Amino acid sequence: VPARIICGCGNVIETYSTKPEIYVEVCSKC
Amino acid sequence: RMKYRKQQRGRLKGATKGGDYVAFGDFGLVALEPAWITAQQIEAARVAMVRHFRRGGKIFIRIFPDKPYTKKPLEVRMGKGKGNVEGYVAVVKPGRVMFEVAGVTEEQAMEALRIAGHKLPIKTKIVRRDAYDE
Amino acid sequence: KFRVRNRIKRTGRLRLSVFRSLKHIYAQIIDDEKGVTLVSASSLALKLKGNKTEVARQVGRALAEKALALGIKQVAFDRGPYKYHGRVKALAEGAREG
Amino acid sequence: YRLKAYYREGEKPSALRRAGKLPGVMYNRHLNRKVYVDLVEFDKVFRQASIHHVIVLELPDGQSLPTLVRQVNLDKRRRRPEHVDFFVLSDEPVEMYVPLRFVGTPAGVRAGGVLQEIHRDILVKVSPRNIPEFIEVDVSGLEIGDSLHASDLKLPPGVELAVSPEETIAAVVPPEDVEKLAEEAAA
Amino acid sequence: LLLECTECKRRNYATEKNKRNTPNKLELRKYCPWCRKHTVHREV
Amino acid sequence: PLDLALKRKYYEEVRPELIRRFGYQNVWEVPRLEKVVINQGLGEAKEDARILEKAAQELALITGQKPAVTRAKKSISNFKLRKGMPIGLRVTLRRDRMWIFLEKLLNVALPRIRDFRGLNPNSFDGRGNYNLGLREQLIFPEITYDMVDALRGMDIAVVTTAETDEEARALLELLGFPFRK
Amino acid sequence: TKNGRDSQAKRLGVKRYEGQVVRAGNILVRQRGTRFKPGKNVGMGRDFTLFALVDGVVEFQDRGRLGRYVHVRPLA
RNA sequence: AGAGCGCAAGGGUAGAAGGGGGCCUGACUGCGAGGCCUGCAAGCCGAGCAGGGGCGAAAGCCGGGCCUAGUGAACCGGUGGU
RNA sequence: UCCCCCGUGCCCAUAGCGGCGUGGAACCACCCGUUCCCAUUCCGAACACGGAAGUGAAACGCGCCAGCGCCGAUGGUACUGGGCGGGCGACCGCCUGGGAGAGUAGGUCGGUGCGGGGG
C-alpha cells in the first residue's frame, strides 16, 4: 500500500510500506 | 631462547657446510679444527677483544650456540643428563668464520683476534678479505 | 564445483555431459578412458525452436535415435553445475522415453 | 685485466689442480665450453679486479672474450678456489655488481663511531660499454644511527640499478667498548 | 551405557550402546529381525 | 513495485550526470546501486531471545523484507559468547526492495536524526562501497513511539559497480545523499 | 623418568610394486592418510587400504597436483 | 590451505574427509573371494552373493565416525530365547 | 587438408600471478522478467524458469609483455656402493664406480587428443 508521510513541514512523501499513516516530525524539507 | 629441551650428541662429520666467507668487517677469524665451542668460550673472546680496543671498532659474532650441552650429576645411569652445566654450544667445522671485526687498522684487528684464538680451543687463522665475494 | 562430474567418472562408462546455455541446450555421450565423444545431439547448434524445456524434451529423443544406431544403453547421466530439474531434466525425459 | 685462457676437455678434474691449473667454465646464450686457468695468474688478475672489472680471456684460437666472473666456488678449509665461472658479454644490457667508494668521514666516526659498510658493491643493470669502476657516495652527513639507502646514489648516465631502491647501502653504527662491559655482564 | 534393543511382537536382540544423560530418553529404532522381515524395537 | 520517486532519480537525473563527471564508453560501467545489506550486531540481547524477536520483526518494518540471523564463530568468553548463540540481524535486499527503503531514509530517516550536520564522507573504504552507523532507530517512518522499549541501534552497508570511491561520492550524493562534505 | 614408551610399529607402506601380478582382491598399499588413491580396478577401505578389484598387474602413475594413484591393468 | 576435521601426535584432506539443510538409521542379518600382519594366539583390509531395506531422478551409495589409542585368552557364573 | 568458436579429456606451473590489448557475424557470457517449474536461514547474488531489446564492461576466448612465481644446464663439489693407505684421537687422504642441493647460463606467459558449430 502506498504510504502517506505527513510531516509538519509540508513535504508529503508517498512511498511503499505498512500503514499509510506516517506522522513525521520535521523531515528533509526542514 | 625457545627451542625445546635437551638434544642428542651427534657427530662432527667433515667440514662440508661448516665453513664460510667473511661477510662483515675488514678482517676475519676462522676455525681449522672441528669442535664444540661453548657460550662462555665465545664470551671469553668477546670481552678480551673489546678490552683491547675500548671505544674501538664493532665486533660481529657470526656463530651461535643453540645446542644444549648435557652433563650428569656425579653418579651413574638413571635417565638422561639434566645437563646444561656448560650450557649451549655451536658445532664449528673447519673453514668456519667466527669473529668479524671492523673500524680497526691491521695492528688493531690483528692483535685482537689472535688473542681471541687463545681463549679458543681449536686452531685459528686470521683473514683479510682478498676479493672472494659471490 | 565439478564434484558431481567427478564421481560419475569412476562409476561406469558412457557419460552424458549435459550443458545448457541461456536459450540453447547441448548434450554429449562421451566415452571416457580416452577422450572420445560419439553422438552429441545439439539444440541451438541443431535447428530446434526456442522454448528451452520444450526444446529440451526433443533434445532427448534425438539422442535415442543416434544411441541405438551406434548401440548404446548405459543411462549414466552427468549432472554438472546444473541441478536436476527442468531444461536439464526434460533432458532425461525424452532420453528415457525409450 | 687480460689472462691467458686454456681449453679443457676430458682431463680429470683434480689432476688439473695438481698442475696449479684451476678448472673453469665460460658460457652464455650463444656458447658453452670447459676451461682451466692457471691459479697464480688468475689470483693476481682476480685480487685486483674481482667481479667488477671485466676480464678478457685469450684462447689458443687468437680469441679475445669479454667475460665476467658470474661466480667462483671456493674450497672451505683454507680459502682456495676449485672452480670459476665466466659470463661472455656482447653489447646488450646486462646485470652485474659495481664497486663502491665512500668519501670523507661521516658526522659519526669523526665524532666517535665506526663505519659499518653493508655493501662494497651494488647490483646494476648495464651494457658492456658502460662498466663504471666505482660509484661515489657522499657519506658526509651520516649521523650515528642514520643510513644511506639505494634511493640516493651517484647513478651515472644510462645506469639503472637492479635491486630494491629501498635496500640499504650501509649504516653508521655505535662503537662498542669496555665502558659497556660493566653494564653488559651485570644485569 | 550398555544397551540391547528388543523386538516388538517378539523378543529379538542386537548389539548397541546407550548414553543416558544426553538426548537418549526414548529409543524406538528400526532393524531387521529374523522371524519374518523388518520391525521396530526398544531399550532397557 | 518497479516504479518509485528515487528509482528514476538515478535513471533520469543521476545516470547522465555520471557520464559528465567521468565519461564512460559502455552503459554497463556507470556505477550502479544494487545491493544494500543491513545488519544488527546486538550481543546485548544475547542471553534472551525474547528481545531478539521484537528487534527483528521491528527491523522488518523498516527493511520491508524478511529478516534472518547470523551465527558467531569463535568464543568471546570476555563478553560471554561460545558456539553460535550470538545474534546479528542480517537482511539483504536488491531490486526495488532497497529503492523503497532508501526513500524513507534520505527523505525521512536522516533528517529526523538528532542534530545531523551531514554523513561522514570518510566512510569510503577505497572500493565503491560505503558504511554508517546509528543509535535511535525510531528515526524511521513506520516505527512509532509507544512501540520502542529500547533504543538498540544498527549499522548498514552499500555496494556499487564503482571501483574508485570518487565515483561513489558522486553516485550516492546525486541520488540525494547528504554528506558533511 | 617418564620417557620409555613407543607405539607398536604398524608396518605400513606399499606392499605391491608396479609390475606385479595380483590375485582377485589382495592388498596393495597400507597408508596413513592419502599418499595414494584408487585407480583402474583398485578399491580401498577404512584405513585407506588400496587393493585390487580384479586380478592383473599393478602400476604407479604420477599426477602432480592431483596426487599419486595406483591401479591395476588386468589380462583376460 | 598456515583452518577445520570431539580429545596426543602423525600422515592426510577444501578436486572434502571440512560447514549448513532435507529425508533417514546398512551403529543390517547370513557368508566371505583374496590379502595385510604374524612364532602362537591375536589384530587388520575387503571385492562380491542371497534376503530385506535406506537416502537418490538415475548412476549409485550405506556391514557406524578421515584413519592410526579408547583395552582382556580361557576358566567360573548372571538374564533371554530357540 | 586449413582457421574461429563450443564441450570435454590428457601432462600437472615451461600451464600460473600481474600488465596492455582485441572479439560480438556465429557461439558464450551478461541481461528482460519472476506467470509457471523451481529457489534463498534474507534476498532471482547462487540455484531455477519463460525470452526479445541492449552490450563486450565484467566473466571469458586470443594474442604481446618477464616484474613475481615456476622451470633450470654444463662444470665442480659435497656425499658415496666398493677397494686401500696415514694418525693418539677429534679425524684425514688416494683408487674405482655413482654423484646431489645450492647457484650460474638460460627457459615460459604453454602442449595435444576426440566430438560439434562456423567461412
# chains A, B, ... in the order shown; residues from 1 in each chain; ligands from 1
call {"tool": "select_by_dssp", "arguments": {"residues": "region 54-126 of chain B", "states": "strand (DSSP E or B)", "output": "JSON, numbers by chain"}}
result
{"B": [59, 60, 61, 67, 68, 69, 87, 88, 89, 90, 91, 92, 97, 98, 99, 100, 101, 124, 125, 126]}
call {"tool": "closest_atom_pairs", "arguments": {"of": "chain F", "to": "chain H", "cutoff": "12 Å", "atoms": "only C-alpha atoms (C1' of nucleotides)", "output": "CSV"}}
result
residue,atom,partner,partner_atom,distance
F:71,CA,H:20,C1',11.5
F:73,CA,H:19,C1',11.3
F:74,CA,H:3,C1',11.9
call {"tool": "interface_residues", "arguments": {"of": "chain D", "to": "chain I", "cutoff": "8 Å", "atoms": "only C-alpha atoms (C1' of nucleotides)", "output": "PDB file with N, CA, C and O atoms, in the first residue's frame"}}
result
ATOM      1  N   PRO D  13      89.181 -33.782 -13.261  1.00  0.00           N
ATOM      2  CA  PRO D  13      89.064 -32.509 -12.542  1.00  0.00           C
ATOM      3  C   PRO D  13      90.259 -32.250 -11.632  1.00  0.00           C
ATOM      4  O   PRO D  13      90.939 -31.234 -11.783  1.00  0.00           O
ATOM      5  N   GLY D  24      87.654 -24.472 -14.883  1.00  0.00           N
ATOM      6  CA  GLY D  24      86.667 -23.413 -15.016  1.00  0.00           C
ATOM      7  C   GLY D  24      85.724 -23.578 -16.191  1.00  0.00           C
ATOM      8  O   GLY D  24      85.775 -24.583 -16.901  1.00  0.00           O
ATOM      9  N   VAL D  25      84.862 -22.583 -16.398  1.00  0.00           N
ATOM     10  CA  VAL D  25      83.883 -22.617 -17.484  1.00  0.00           C
ATOM     11  C   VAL D  25      83.519 -21.222 -18.001  1.00  0.00           C
ATOM     12  O   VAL D  25      83.282 -20.300 -17.221  1.00  0.00           O
ATOM     13  N   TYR D  27      80.709 -19.313 -20.769  1.00  0.00           N
ATOM     14  CA  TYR D  27      79.423 -19.599 -21.399  1.00  0.00           C
ATOM     15  C   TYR D  27      78.480 -18.400 -21.463  1.00  0.00           C
ATOM     16  O   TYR D  27      78.703 -17.372 -20.823  1.00  0.00           O
ATOM     17  N   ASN D  28      77.421 -18.563 -22.250  1.00  0.00           N
ATOM     18  CA  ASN D  28      76.360 -17.572 -22.378  1.00  0.00           C
ATOM     19  C   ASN D  28      75.261 -18.083 -23.296  1.00  0.00           C
ATOM     20  O   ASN D  28      75.265 -19.247 -23.695  1.00  0.00           O
ATOM     21  N   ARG D  29      74.324 -17.211 -23.639  1.00  0.00           N
ATOM     22  CA  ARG D  29      73.230 -17.593 -24.522  1.00  0.00           C
ATOM     23  C   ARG D  29      73.680 -18.312 -25.806  1.00  0.00           C
ATOM     24  O   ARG D  29      73.007 -19.230 -26.264  1.00  0.00           O
ATOM     25  N   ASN D  32      78.899 -22.601 -24.935  1.00  0.00           N
ATOM     26  CA  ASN D  32      79.298 -23.391 -23.767  1.00  0.00           C
ATOM     27  C   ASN D  32      80.600 -24.166 -24.008  1.00  0.00           C
ATOM     28  O   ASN D  32      80.743 -24.842 -25.024  1.00  0.00           O
ATOM     29  N   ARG D  33      81.532 -24.073 -23.061  1.00  0.00           N
ATOM     30  CA  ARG D  33      82.857 -24.680 -23.198  1.00  0.00           C
ATOM     31  C   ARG D  33      83.523 -24.871 -21.835  1.00  0.00           C
ATOM     32  O   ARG D  33      83.347 -24.053 -20.935  1.00  0.00           O
ATOM     33  N   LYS D  34      84.286 -25.953 -21.692  1.00  0.00           N
ATOM     34  CA  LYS D  34      85.075 -26.198 -20.486  1.00  0.00           C
ATOM     35  C   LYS D  34      86.428 -25.501 -20.597  1.00  0.00           C
ATOM     36  O   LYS D  34      86.995 -25.404 -21.686  1.00  0.00           O
ATOM     37  N   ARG D  70      80.813 -14.548 -13.073  1.00  0.00           N
ATOM     38  CA  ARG D  70      79.477 -14.757 -12.517  1.00  0.00           C
ATOM     39  C   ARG D  70      79.533 -15.334 -11.114  1.00  0.00           C
ATOM     40  O   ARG D  70      78.856 -14.854 -10.209  1.00  0.00           O
ATOM     41  N   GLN D  71      80.335 -16.377 -10.944  1.00  0.00           N
ATOM     42  CA  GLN D  71      80.547 -16.958  -9.628  1.00  0.00           C
ATOM     43  C   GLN D  71      81.897 -17.653  -9.569  1.00  0.00           C
ATOM     44  O   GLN D  71      82.538 -17.874 -10.598  1.00  0.00           O
ATOM     45  N   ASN D  73      83.561 -20.878  -7.063  1.00  0.00           N
ATOM     46  CA  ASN D  73      83.411 -21.808  -5.954  1.00  0.00           C
ATOM     47  C   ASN D  73      84.719 -21.989  -5.194  1.00  0.00           C
ATOM     48  O   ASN D  73      85.753 -22.295  -5.786  1.00  0.00           O
ATOM     49  N   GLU D  82      88.079 -23.731  -6.316  1.00  0.00           N
ATOM     50  CA  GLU D  82      88.087 -25.015  -7.007  1.00  0.00           C
ATOM     51  C   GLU D  82      87.671 -24.812  -8.450  1.00  0.00           C
ATOM     52  O   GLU D  82      88.196 -25.450  -9.372  1.00  0.00           O
ATOM     53  N   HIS D  83      86.705 -23.918  -8.626  1.00  0.00           N
ATOM     54  CA  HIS D  83      86.071 -23.736  -9.907  1.00  0.00           C
ATOM     55  C   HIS D  83      85.646 -22.284 -10.166  1.00  0.00           C
ATOM     56  O   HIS D  83      85.185 -21.604  -9.259  1.00  0.00           O
ATOM     57  N   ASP D  85      83.500 -19.346 -12.836  1.00  0.00           N
ATOM     58  CA  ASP D  85      82.555 -19.117 -13.929  1.00  0.00           C
ATOM     59  C   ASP D  85      82.885 -17.829 -14.675  1.00  0.00           C
ATOM     60  O   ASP D  85      83.345 -16.852 -14.083  1.00  0.00           O
ATOM     61  N   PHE D  87      81.147 -15.223 -17.597  1.00  0.00           N
ATOM     62  CA  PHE D  87      79.983 -14.882 -18.399  1.00  0.00           C
ATOM     63  C   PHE D  87      80.373 -14.004 -19.589  1.00  0.00           C
ATOM     64  O   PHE D  87      80.792 -12.858 -19.421  1.00  0.00           O
TER      65      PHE D  87
END
call {"tool": "closest_atom_pairs", "arguments": {"of": "chain I", "to": "chain B", "cutoff": "9 Å", "atoms": "only C-alpha atoms (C1' of nucleotides)", "output": "CSV"}}
result
residue,atom,partner,partner_atom,distance
I:78,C1',B:16,CA,6.2
I:90,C1',B:34,CA,7.4
I:91,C1',B:14,CA,8.4
call {"tool": "residues_around", "arguments": {"residues": "region 91-103 of chain F", "least_positions_apart": "4", "cutoff": "6 Å", "atoms": "only C-alpha atoms (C1' of nucleotides)", "output": "list in words"}}
result
residues 16 of chain A; 34, 35, 36, 37, 38, 67, 68 and 107 of chain F; 42 and 43 of chain I
call {"tool": "residues_around", "arguments": {"residues": "region 124-129 of chain B", "least_positions_apart": "5", "cutoff": "9 Å", "atoms": "only C-alpha atoms (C1' of nucleotides)", "output": "MDAnalysis selection string"}}
result
(chainID B and resid 21:22 25:33 110 113:114 117:118) or (chainID D and resid 78)
call {"tool": "residues_around", "arguments": {"residues": "region 130-135 of chain D", "least_positions_apart": "4", "cutoff": "12 Å", "atoms": "only C-alpha atoms (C1' of nucleotides)", "output": "PyMOL selection string"}}
result
chain D and resi 48-55+66+68+89+91-103+119-126+139+150+152-161+169
call {"tool": "write_last_selection", "arguments": {"atoms": "N, CA and C atoms", "output": "short mmCIF file (atom, residue, chain, number, x, y, z; two decimals), in the first residue's frame"}}
result
data_model
loop_
_atom_site.label_atom_id
_atom_site.label_comp_id
_atom_site.auth_asym_id
_atom_site.auth_seq_id
_atom_site.Cartn_x
_atom_site.Cartn_y
_atom_site.Cartn_z
N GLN D 48 93.03 -7.94 -7.69
CA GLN D 48 92.89 -6.55 -8.08
C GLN D 48 91.52 -6.27 -8.70
N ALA D 49 91.09 -7.14 -9.61
CA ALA D 49 89.88 -6.90 -10.40
C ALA D 49 88.56 -7.38 -9.76
N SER D 50 88.52 -8.67 -9.42
CA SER D 50 87.33 -9.33 -8.89
C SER D 50 86.15 -9.35 -9.85
N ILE D 51 84.96 -9.43 -9.28
CA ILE D 51 83.73 -9.49 -10.07
C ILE D 51 83.15 -8.13 -10.55
N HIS D 52 83.98 -7.09 -10.58
CA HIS D 52 83.62 -5.77 -11.16
C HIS D 52 84.27 -5.53 -12.50
N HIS D 53 85.58 -5.31 -12.52
CA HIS D 53 86.31 -5.15 -13.80
C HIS D 53 86.12 -6.35 -14.66
N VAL D 54 86.04 -6.09 -15.95
CA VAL D 54 85.93 -7.16 -16.91
C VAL D 54 87.27 -7.80 -17.22
N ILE D 55 87.28 -9.13 -17.22
CA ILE D 55 88.47 -9.90 -17.59
C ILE D 55 88.42 -10.63 -18.95
N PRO D 66 85.05 -10.95 -23.69
CA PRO D 66 84.71 -10.03 -22.60
C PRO D 66 83.89 -10.73 -21.52
N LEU D 68 82.85 -12.15 -17.54
CA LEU D 68 82.69 -11.69 -16.16
C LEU D 68 82.56 -12.87 -15.22
N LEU D 89 80.04 -11.55 -22.59
CA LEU D 89 79.15 -10.44 -22.90
C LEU D 89 79.10 -10.17 -24.41
N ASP D 91 76.87 -6.77 -26.20
CA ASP D 91 76.65 -5.33 -26.18
C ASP D 91 75.18 -5.03 -25.87
N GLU D 92 74.48 -6.04 -25.36
CA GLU D 92 73.12 -5.88 -24.87
C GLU D 92 73.15 -5.71 -23.35
N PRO D 93 72.19 -4.94 -22.81
CA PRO D 93 72.14 -4.65 -21.37
C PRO D 93 72.32 -5.91 -20.52
N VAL D 94 73.09 -5.80 -19.44
CA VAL D 94 73.40 -6.95 -18.59
C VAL D 94 73.60 -6.56 -17.13
N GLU D 95 73.19 -7.45 -16.23
CA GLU D 95 73.28 -7.21 -14.79
C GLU D 95 74.61 -7.69 -14.20
N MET D 96 75.12 -6.94 -13.23
CA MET D 96 76.39 -7.26 -12.58
C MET D 96 76.62 -6.32 -11.40
N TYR D 97 77.62 -6.62 -10.57
CA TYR D 97 77.90 -5.80 -9.40
C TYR D 97 79.00 -4.77 -9.66
N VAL D 98 78.80 -3.55 -9.16
CA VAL D 98 79.76 -2.47 -9.33
C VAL D 98 80.31 -1.99 -7.98
N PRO D 99 81.60 -1.65 -7.94
CA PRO D 99 82.32 -1.31 -6.71
C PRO D 99 81.80 -0.04 -6.05
N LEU D 100 82.29 0.25 -4.85
CA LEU D 100 81.84 1.43 -4.12
C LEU D 100 82.96 2.18 -3.41
N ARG D 101 82.83 3.51 -3.36
CA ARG D 101 83.77 4.36 -2.65
C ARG D 101 83.01 5.33 -1.76
N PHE D 102 83.44 5.46 -0.51
CA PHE D 102 82.79 6.36 0.43
C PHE D 102 83.76 7.46 0.84
N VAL D 103 83.59 8.65 0.26
CA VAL D 103 84.50 9.76 0.52
C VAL D 103 84.19 10.44 1.85
N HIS D 119 77.45 -3.01 2.07
CA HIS D 119 77.90 -3.45 0.75
C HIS D 119 79.21 -2.87 0.39
N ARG D 120 79.93 -3.51 -0.52
CA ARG D 120 81.06 -2.82 -1.14
C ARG D 120 80.80 -2.67 -2.62
N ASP D 121 79.65 -3.19 -3.04
CA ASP D 121 79.27 -3.18 -4.43
C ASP D 121 77.74 -3.21 -4.52
N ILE D 122 77.18 -2.56 -5.53
CA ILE D 122 75.73 -2.56 -5.73
C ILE D 122 75.41 -3.26 -7.04
N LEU D 123 74.21 -3.82 -7.13
CA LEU D 123 73.77 -4.51 -8.34
C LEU D 123 73.21 -3.53 -9.38
N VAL D 124 73.78 -3.56 -10.58
CA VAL D 124 73.35 -2.67 -11.66
C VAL D 124 73.06 -3.42 -12.96
N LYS D 125 72.07 -2.93 -13.70
CA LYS D 125 71.74 -3.49 -15.00
C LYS D 125 72.32 -2.58 -16.07
N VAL D 126 73.47 -2.96 -16.62
CA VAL D 126 74.18 -2.07 -17.54
C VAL D 126 74.86 -2.81 -18.71
N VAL D 139 79.04 10.17 1.69
CA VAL D 139 78.70 9.86 3.07
C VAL D 139 79.37 10.85 4.02
N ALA D 150 69.31 2.77 -1.10
CA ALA D 150 69.64 2.63 -2.52
C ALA D 150 69.04 3.75 -3.36
N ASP D 152 69.39 6.90 -3.32
CA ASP D 152 70.14 8.15 -3.34
C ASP D 152 71.63 7.92 -3.59
N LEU D 153 71.96 7.55 -4.82
CA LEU D 153 73.34 7.24 -5.19
C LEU D 153 73.74 7.99 -6.45
N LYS D 154 75.04 8.09 -6.71
CA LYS D 154 75.51 8.79 -7.90
C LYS D 154 75.41 7.90 -9.13
N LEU D 155 74.19 7.72 -9.63
CA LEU D 155 73.96 6.91 -10.82
C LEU D 155 74.38 7.66 -12.08
N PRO D 156 75.47 7.20 -12.70
CA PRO D 156 75.98 7.81 -13.94
C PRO D 156 74.98 7.64 -15.07
N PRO D 157 75.21 8.31 -16.21
CA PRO D 157 74.29 8.22 -17.35
C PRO D 157 73.98 6.78 -17.75
N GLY D 158 72.72 6.50 -18.07
CA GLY D 158 72.32 5.19 -18.56
C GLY D 158 72.76 4.02 -17.70
N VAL D 159 72.59 4.16 -16.39
CA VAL D 159 72.93 3.09 -15.46
C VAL D 159 71.85 2.93 -14.40
N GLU D 160 70.77 2.23 -14.74
CA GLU D 160 69.69 1.98 -13.79
C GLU D 160 70.01 0.75 -12.94
N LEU D 161 69.71 0.85 -11.65
CA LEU D 161 70.00 -0.22 -10.69
C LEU D 161 69.30 -1.53 -11.02
N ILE D 169 72.38 0.79 1.54
CA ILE D 169 73.76 0.69 1.10
C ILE D 169 74.68 0.39 2.27
#
call {"tool": "atom_distance", "arguments": {"atom1": "CA of residue 85 (chain B)", "atom2": "CA of residue 39 (chain B)"}}
result
10.9 Å
call {"tool": "interface_residues", "arguments": {"of": "chain D", "to": "chain B", "cutoff": "6 Å", "atoms": "only C-alpha atoms", "output": "PyMOL selection string"}}
result
chain D and resi 47+50+71+76-77+114+175-178
call {"tool": "residues_around", "arguments": {"residues": "residue 24 (chain I)", "least_positions_apart": "5", "cutoff": "12 Å", "atoms": "only C-alpha atoms (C1' of nucleotides)", "output": "number ranges by chain"}}
result
I: 5, 29, 55-56, 61
call {"tool": "select_by_dssp", "arguments": {"residues": "chain C", "states": "alpha helix (DSSP H)", "output": "PyMOL selection string"}}
result
chain C and resi 4-11+53-67+90-93
call {"tool": "write_last_selection", "arguments": {"atoms": "N, CA and C atoms", "output": "compact mmCIF listing (two decimals), in the first residue's frame"}}
result
# COMPACT_ATOMS: atom_id res chain seq x y z
N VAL C 4 30.28 -33.45 -8.83
CA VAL C 4 29.35 -34.38 -9.44
C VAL C 4 29.96 -34.99 -10.69
N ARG C 5 30.63 -34.14 -11.47
CA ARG C 5 31.28 -34.58 -12.69
C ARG C 5 32.44 -35.51 -12.35
N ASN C 6 32.80 -35.54 -11.07
CA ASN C 6 33.87 -36.40 -10.59
C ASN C 6 33.42 -37.84 -10.37
N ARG C 7 32.53 -38.03 -9.40
CA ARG C 7 32.09 -39.37 -9.01
C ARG C 7 31.62 -40.20 -10.21
N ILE C 8 30.79 -39.60 -11.05
CA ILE C 8 30.23 -40.30 -12.21
C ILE C 8 31.30 -41.00 -13.03
N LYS C 9 32.48 -40.39 -13.12
CA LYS C 9 33.57 -40.93 -13.93
C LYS C 9 34.04 -42.29 -13.43
N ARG C 10 34.14 -42.44 -12.11
CA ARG C 10 34.58 -43.69 -11.51
C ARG C 10 33.50 -44.75 -11.55
N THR C 11 32.26 -44.32 -11.77
CA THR C 11 31.14 -45.25 -11.82
C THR C 11 31.32 -46.26 -12.93
N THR C 53 12.74 -25.94 -22.36
CA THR C 53 12.31 -27.27 -21.93
C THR C 53 11.62 -28.03 -23.05
N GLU C 54 10.71 -27.36 -23.77
CA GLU C 54 10.08 -27.96 -24.94
C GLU C 54 11.16 -28.48 -25.88
N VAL C 55 12.14 -27.63 -26.15
CA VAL C 55 13.28 -27.97 -27.00
C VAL C 55 14.19 -28.96 -26.28
N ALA C 56 14.10 -28.99 -24.96
CA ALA C 56 14.91 -29.89 -24.15
C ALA C 56 14.34 -31.30 -24.16
N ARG C 57 13.02 -31.41 -24.22
CA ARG C 57 12.38 -32.71 -24.34
C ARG C 57 12.90 -33.38 -25.59
N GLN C 58 12.73 -32.69 -26.72
CA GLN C 58 13.12 -33.22 -28.02
C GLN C 58 14.62 -33.53 -28.13
N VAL C 59 15.44 -32.79 -27.38
CA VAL C 59 16.89 -33.00 -27.44
C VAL C 59 17.28 -34.26 -26.66
N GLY C 60 16.27 -35.01 -26.24
CA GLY C 60 16.49 -36.29 -25.59
C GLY C 60 16.25 -37.44 -26.55
N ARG C 61 15.12 -37.40 -27.25
CA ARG C 61 14.77 -38.44 -28.21
C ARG C 61 15.70 -38.40 -29.42
N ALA C 62 16.27 -37.22 -29.68
CA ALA C 62 17.22 -37.07 -30.77
C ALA C 62 18.48 -37.89 -30.48
N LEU C 63 18.74 -38.12 -29.20
CA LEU C 63 19.87 -38.94 -28.78
C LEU C 63 19.54 -40.42 -28.89
N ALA C 64 18.30 -40.77 -28.57
CA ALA C 64 17.86 -42.16 -28.61
C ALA C 64 17.99 -42.76 -30.01
N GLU C 65 17.66 -41.96 -31.03
CA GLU C 65 17.77 -42.41 -32.41
C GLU C 65 19.23 -42.59 -32.83
N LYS C 66 20.11 -41.76 -32.28
CA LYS C 66 21.54 -41.87 -32.56
C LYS C 66 22.25 -42.74 -31.54
N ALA C 67 21.51 -43.18 -30.52
CA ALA C 67 22.06 -44.02 -29.46
C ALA C 67 22.03 -45.49 -29.85
N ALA C 90 14.14 -32.50 -18.38
CA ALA C 90 13.47 -32.81 -19.63
C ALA C 90 14.56 -33.21 -20.62
N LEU C 91 15.79 -33.21 -20.12
CA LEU C 91 16.93 -33.72 -20.85
C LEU C 91 16.94 -35.23 -20.69
N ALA C 92 16.46 -35.68 -19.53
CA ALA C 92 16.29 -37.10 -19.26
C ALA C 92 14.95 -37.58 -19.81
N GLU C 93 13.93 -36.74 -19.67
CA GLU C 93 12.60 -37.05 -20.18
C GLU C 93 12.66 -37.88 -21.46
call {"tool": "closest_atom_pairs", "arguments": {"of": "chain E", "to": "chain H", "cutoff": "10 Å", "atoms": "only C-alpha atoms (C1' of nucleotides)", "output": "Markdown table"}}
result
| residue | atom | partner | partner_atom | distance |
| --- | --- | --- | --- | --- |
| E:10 | CA | H:81 | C1' | 9.9 |
| E:11 | CA | H:81 | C1' | 7.3 |
| E:12 | CA | H:81 | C1' | 8.0 |
| E:13 | CA | H:80 | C1' | 9.2 |
| E:15 | CA | H:27 | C1' | 8.6 |
| E:16 | CA | H:27 | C1' | 7.0 |
| E:17 | CA | H:27 | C1' | 8.3 |
| E:29 | CA | H:25 | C1' | 7.2 |
| E:30 | CA | H:25 | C1' | 7.2 |
| E:31 | CA | H:28 | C1' | 7.0 |
| E:32 | CA | H:29 | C1' | 6.7 |
| E:33 | CA | H:29 | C1' | 7.5 |
| E:34 | CA | H:29 | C1' | 7.2 |
| E:36 | CA | H:52 | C1' | 9.5 |
| E:37 | CA | H:52 | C1' | 6.2 |
| E:38 | CA | H:52 | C1' | 7.1 |
call {"tool": "write_last_selection", "arguments": {"atoms": "C-alpha atoms", "output": "short mmCIF file (atom, residue, chain, number, x, y, z; two decimals), in the first residue's frame"}}
result
data_model
loop_
_atom_site.label_atom_id
_atom_site.label_comp_id
_atom_site.auth_asym_id
_atom_site.auth_seq_id
_atom_site.Cartn_x
_atom_site.Cartn_y
_atom_site.Cartn_z
CA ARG E 10 8.59 -60.84 19.64
CA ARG E 11 11.87 -60.96 21.59
CA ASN E 12 14.81 -60.50 19.19
CA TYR E 13 18.01 -58.62 20.12
CA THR E 15 24.34 -55.17 19.93
CA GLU E 16 24.07 -51.49 20.90
CA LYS E 17 25.07 -48.57 23.15
CA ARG E 29 14.75 -47.51 16.12
CA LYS E 30 14.17 -49.91 13.21
CA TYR E 31 16.16 -53.08 12.48
CA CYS E 32 15.75 -56.46 10.75
CA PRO E 33 14.57 -59.35 12.98
CA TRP E 34 14.92 -62.99 11.95
CA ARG E 36 9.87 -62.65 9.23
CA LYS E 37 11.46 -59.38 7.94
CA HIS E 38 11.75 -55.94 9.49
#
call {"tool": "atom_distance", "arguments": {"atom1": "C1' of residue 33 (chain I)", "atom2": "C1' of residue 49 (chain I)"}}
result
10.2 Å
